[PDB]
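One structure is given here, and the rest of the page talks about it.
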Amino acid sequence: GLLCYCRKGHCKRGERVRXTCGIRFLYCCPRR
(Lines give C-alpha, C1' and ligand atoms only; values in the text may rest on other atoms or scores of the structure.)
Protein backbone atom coordinates (compact mmCIF):
# COMPACT_ATOMS: atom_id res chain seq x y z
CA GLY A 1 0.00 0.00 0.00
CA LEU A 2 2.11 2.80 1.32
CA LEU A 3 5.84 3.05 1.09
CA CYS A 4 7.06 1.80 4.39
CA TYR A 5 10.40 0.75 5.65
CA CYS A 6 11.50 -2.61 6.80
CA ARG A 7 13.14 -1.71 10.04
CA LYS A 8 15.41 -4.03 11.78
CA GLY A 9 15.15 -3.97 15.51
CA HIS A 10 12.60 -1.18 15.74
CA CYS A 11 11.23 1.66 13.79
CA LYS A 12 12.19 5.26 14.05
CA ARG A 13 10.48 7.56 16.47
CA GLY A 14 7.28 8.42 14.76
CA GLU A 15 7.04 5.39 12.54
CA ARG A 16 4.14 3.10 13.06
CA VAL A 17 4.37 -0.65 12.95
CA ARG A 18 2.23 -1.80 10.07
CA UNK A 19 3.39 -5.37 10.44
CA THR A 20 6.60 -7.26 10.19
CA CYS A 21 9.09 -7.70 7.38
CA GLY A 22 11.05 -10.62 8.74
CA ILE A 23 12.37 -12.24 11.89
CA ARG A 24 14.69 -9.30 12.47
CA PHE A 25 12.61 -6.76 10.62
CA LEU A 26 9.41 -4.94 11.28
CA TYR A 27 7.39 -3.14 8.70
CA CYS A 28 7.16 0.40 9.81
CA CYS A 29 5.49 3.20 7.97
CA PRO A 30 6.46 6.87 8.41
CA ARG A 31 4.06 9.35 9.93
CA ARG A 32 5.07 11.92 7.42
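Order determines the names: the first chain of the C-alpha coordinates is A, the second B, and so forth; residues in each chain are numbered 1 upward, and ligands are numbered 1 upward as they are shown.
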
Query raised in the report: Neighbours of segment 23-26 of chain A within 6 Å (only C-alpha atoms; same-chain residues fewer than 5 positions away dropped), as a PyMOL selection string?
Result: chain A and resi 6-8

Selection export as a PDB file, in the first residue's frame, atoms kept: N, CA and C atoms:
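Result file follows (again28.pdb):
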```pdb
ATOM      1  N   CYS A   6      11.227  -1.450   6.043  1.00  0.00           N
ATOM      2  CA  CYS A   6      11.496  -2.611   6.803  1.00  0.00           C
ATOM      3  C   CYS A   6      12.618  -2.274   7.766  1.00  0.00           C
ATOM      4  N   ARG A   7      12.249  -2.126   8.998  1.00  0.00           N
ATOM      5  CA  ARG A   7      13.135  -1.711  10.041  1.00  0.00           C
ATOM      6  C   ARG A   7      13.601  -2.882  10.822  1.00  0.00           C
ATOM      7  N   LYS A   8      14.864  -3.017  10.945  1.00  0.00           N
ATOM      8  CA  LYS A   8      15.406  -4.034  11.778  1.00  0.00           C
ATOM      9  C   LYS A   8      15.471  -3.525  13.200  1.00  0.00           C
TER      10      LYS A   8
END
```

Query raised in the report: Near residue 21 of chain A, within 12 Å and counting only C-alpha atoms, which residues show up once chain neighbours fewer than 6 positions away are dropped, as a count of residues only?
Result: 11

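Here the strand (DSSP E) residues in chain A, by DSSP on the backbone, are residues 5, 6, 7, 8, 16, 17, 18, 19, 20, 25, 26, 27, 28 and 29 of chain A.
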